[PDB]
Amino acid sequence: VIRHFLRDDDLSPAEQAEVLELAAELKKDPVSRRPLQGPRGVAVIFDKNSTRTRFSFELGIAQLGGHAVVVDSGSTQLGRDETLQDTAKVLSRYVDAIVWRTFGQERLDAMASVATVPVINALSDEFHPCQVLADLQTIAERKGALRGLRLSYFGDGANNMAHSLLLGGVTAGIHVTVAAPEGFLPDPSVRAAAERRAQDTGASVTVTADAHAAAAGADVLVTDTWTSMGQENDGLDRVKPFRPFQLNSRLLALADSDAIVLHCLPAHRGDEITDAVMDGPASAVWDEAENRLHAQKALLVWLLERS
């Protein structure tokens, strides 16, 4: 059976642990695994460009021995003059895996329903599961065992990072709190899936508007930009609601004394996170960015071996 990775809970707790261990092994020995030797191809397709996502995948695929064929948004968007199913059938003849950045989850589902190679969600509207693998690798590096840790996410609680932190976090046994204003709460289906997965791992899900309560006793504090490019014209003031949730020094001081801070780059210094927090000793954002390379390579190695 062909395995895909479209959202964080596509891996069981045991499987996620396997991928995270592989990510640590690959960080130590980055060119020791060559499942794409040849080179074999991997398609890396962007319905909307993401330079950082392309950078890490392109280099990582090369270090697995392969050749990434990158298709940027300058090409005709998939689905516009050929069905996704037809594209999947041809790609399955050319490459050993399909890495895709797209929008709605239904598009990823349609591709994965037909492709005979693994399909990976590089980044989408609803989830960012590869970044959360990198996040979990980073937390393990700086904290040790993930089970039982307390992680709080602040800001827009319905964006892709909030959803993947919920799903990926509870899969790892982490107690996850989303601190967000009313009207910006996690998708109910994602929250229910996280609550169910949490029953298997001893984790828990909390959603609150009380940012100070969310930070108290936290081991990991996370935030992300308050607005995606697609949201700039949605009509909302996307600054005023989030100001109480800014990851600043006062908020960090409420957390456990050994707490660390994560943020997917790019960051907007002075909005969701302050310079003092970005550049202080609690910040893990630089290691986090680097671990995108290793965690994505580990995911590819794992999916290719299982598929």
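Rigid core: the largest C-alpha set superposing within 1.5 Å between the two forms. A residue's number is simply how far along the shown sequence it sits, counting from 1.
If you line up the core and then measure how far each C-alpha sits from this form in 8 other deposited structures of this protein, which stretch comes out higher, 32-40 or 47-55?
The stretch that sits farther from the shown form in 8 other deposited structures of this protein is 47-55.
What stretch shows more C-alpha movement in 8 other deposited structures of this protein relative to this form, 119-127 or 80-88, after the core is superposed?
Higher average C-alpha offset in 8 other deposited structures of this protein goes to 80-88.
Find out whether the coordinates of residue 201 are absent in at least a third of the other compared PDB entries of the same protein.
No, none of the compared structures omit it.
Counting the other entries of this protein, is residue 137 left out in at least a third of them?
Residue 137: modelled in every other compared entry.
Stretch with the higher entry mean CA B-factor, where the candidates are 40-48 and 273-281
Averaging CA B-factors over each stretch, the winner is 273-281.
Which wins on mean Cα temperature factor, 252-260 or 63-71?
The deposited B-factors put 252-260 ahead on the C-alpha mean.
Can you tell me which of 231, 131, 152, 102 has the maximum CA B-factor listed in the PDB entry?
It is 231.
Of the choices 137, 121, 160, 77, which one's C-alpha carries the largest B-factor in the record?
In this record, 77 carries the highest C-alpha B-factor of the candidates.
Record-listed C-alpha B factor of residue 243: chain third
Tercile = middle for this residue's CA B-factor.
Please rank the C-alpha B-factors of the chain's modelled residues and tell me whether residue 225 sits in the lowest, middle or highest third.
According to the entry, residue 225 has a C-alpha B-factor in the chain's middle third.
Please say which third, lowest, middle or highest, residue 200 falls into when its CA temperature factor is compared across its chain.
CA B-factor rank for residue 200: highest third.
Taking the chain's C-alpha temperature factors as the reference, tell me which third residue 164 falls into: lowest, middle or highest.
Lowest third of the chain for residue 164's C-alpha B-factor.
Looking at the C-alpha B-factor of residue 98, is it in the lowest, middle or highest third of its chain?
According to the entry, residue 98 has a C-alpha B-factor in the chain's lowest third.
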